[PDB]
C-alpha cells in the first residue's frame, strides 16, 4: 500500500477531526492520505469502511462508542418500554432486536406487541416504564435433540423514587413454567416445548426448550422473545405498574408482529395464564414470506444474545472494540477525549426561571414549551419517540426543523427547547443551557478513530500515530474548534491543522 483513505460525513465536527487524522498521518508517516467525503445517512461512514479504501470506501474514520454499541450491534439487550393501551384494556410495546449473522453482519427484527387481559376484572395499567432483560443462551452438552437452554434476568425500571395486586401474590415463590409453541414458517410446520421455573422475587427465569418435531427450521435466537413478562422484578415503588401479574391467574393474551429487515414476518398469538400451580405460555406462530436461503430459513445467525458487557464507558469501549474486531476486523483506537452526547438546550434565562437542572425538570414544564428539533432526531425510533417514552414529554407542538435554523428559532423564541450535541460550539455563543439526561436515555458518545485491520497489517505505524491523539481533545476544546467553523466561518482544514500545531502534535 501507499495511500490510506480517511472518511468524514458532511458535518462540522466530523470534517474537523477527519482533517486532524489526515494531518497526523501525513506529519508522522510517509503515507499519502486521501480525504474522502461521504454524503447521506448516519451509517454511511460504517458502510464505507466495510468497503475499504481499495473499493471506493474508506480505511479510517471517527466513530462514537455509544452509536456502535446501541445502533450497530444492539448491545446490551434493549430496554423494552411498556405503555398502557386503553383500547385493549392492556399494554403495548415497540422495540428492536438485533441478531449476529455468521458473515459478521447484523440482522434486525422490529417487534410490535400488544397484551390484553383474559379476565373481566380490573387490572393495573402502567405509567410508561421499561423492562430490562439479560439473556444467556447455552447448549446442554449432553442433549441430542435440537434445543436451547435459556437463563434470563428481567427487571422493571425507569420510574424514580393494597401494595401489590392480588395476582402478584402468586409469584412470591418459585413457579413452574410450561411453554408450548406450534409454528409454521413458509409452511414448514414445527413445535417447541419448554420447561423450567420462574422466580419473580429475583426476576430470574430458567428454561430448557426442545423442538419436538426434529430440526427447528428457524434459528433459536429468533424465538427467544416469543418463548413471560409476568416474571419481571418490579421494585416496591413500582409494583402498581405491573400489568402482567395483575392479570393473573386468568392471564393475558400476548400478540406480536416481528418484521425481519429484508426478510419475512412472524405473527404470534400467545396465552399466558395459570393452569393449576403452573404458569403456562401457549403460543401459535406463523411466519410468512421468508427467503429459503436468507438468514432465518438458511440458519445464518449466531447462537447468542447480547453480552452483559459492563455498562460504564470503559466496559462499553471494551465490548465495542472486541466485537468490531471479531465481526468485521475493524480496530478501535484510543478515544480522543470528548463525549459528544445528545443533550437538550434551553435559554439560559428561561432555565433558571424554573430551576431547570435535568430533563425531568423540562418535562414538568413541557406543556408551556415548544421543541424545535432536527428531523432525523424527531423521526428516528431510537431518537425522540423513545426519549418521550422515558420522560413523557408534553411538548404538544414540536417543529421538525432542518439545519441550524433551530438556533435562530430559539433566539427568536419561536421555540423554547432544541436538541443539540454537547460539542456544538454555538451552544456557548447563543447563551444556552445544556440540560442533564438524568435518567440516561442516551448512551455516552465518546469519539474514537477506527481503522481496518487490513490497513494496520500493511502499515503498523498507523496504530501509534493515531493514538498520539489519545485524550488530546477535551469537550471544551472540541466546542471551541466547532465554533471556529460554525460561528466564525473559518476553514475546517485550517482549524484542524492550527489546533495540532498549537498543541505540538505536528
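Residue numbers count along the first chain shown, from 1.
Enquirer: Report, from the record, the number of residues in the deposited sequence between residue 161 and residue 162 that have no coordinates, as none, 1 to 3, 4 to 9, or 10 or more.
Expert: Gap between residue 161 and residue 162: 10 or more unmodelled residues.
Enquirer: Does the entry skip any residues of the deposited sequence between residue 227 and residue 228, and if so, is it 1 to 3, 4 to 9, or 10 or more, or none at all?
Expert: The entry leaves 1 to 3 residues without coordinates here.
Enquirer: Between 56-64 and 40-48, point out the one with the higher average CA B-factor as the PDB entry records it.
Expert: Mean C-alpha B-factor is greater for 40-48.
Enquirer: Which has higher Cα B-factors on average according to the PDB entry: 363-371 or 254-262?
Expert: According to the entry, 363-371 carries the higher average C-alpha B-factor.
Enquirer: Could you say which of 328, 153, 303, 377 has its CA atom at the highest B factor, as listed in the PDB entry?
Expert: Highest CA B-factor of the listed options: 377.
Enquirer: Per the coordinate record, which of the options 282, 357, 96, 139 holds the highest CA temperature factor?
Expert: It is 357.
Enquirer: Mind checking which third residue 222 falls in for C-alpha B-factor across the chain?
Expert: Answer is lowest: the recorded C-alpha B-factor places it there.
Enquirer: Classify residue 344 as lowest, middle or highest third according to the C-alpha B-factor given in the PDB entry, relative to its own chain.
Expert: As the PDB entry reports it, the C-alpha B-factor of residue 344 lands in the highest third of its chain.
Enquirer: Check where residue 463 lands among this chain's C-alpha B-factors and tell me if it's the lowest, middle or highest third.
Expert: It falls in the middle third of the chain.
Enquirer: What third of its chain's C-alpha B-factors does residue 324 belong to: lowest, middle or highest?
Expert: Within its chain, residue 324 is a middle-third residue by C-alpha B-factor, going by the deposited values.
Enquirer: Quick one: classify residue 234 as lowest, middle or highest third of the chain based on its Cα B-factor.
Expert: Its C-alpha B-factor belongs to the middle third of this chain's values.
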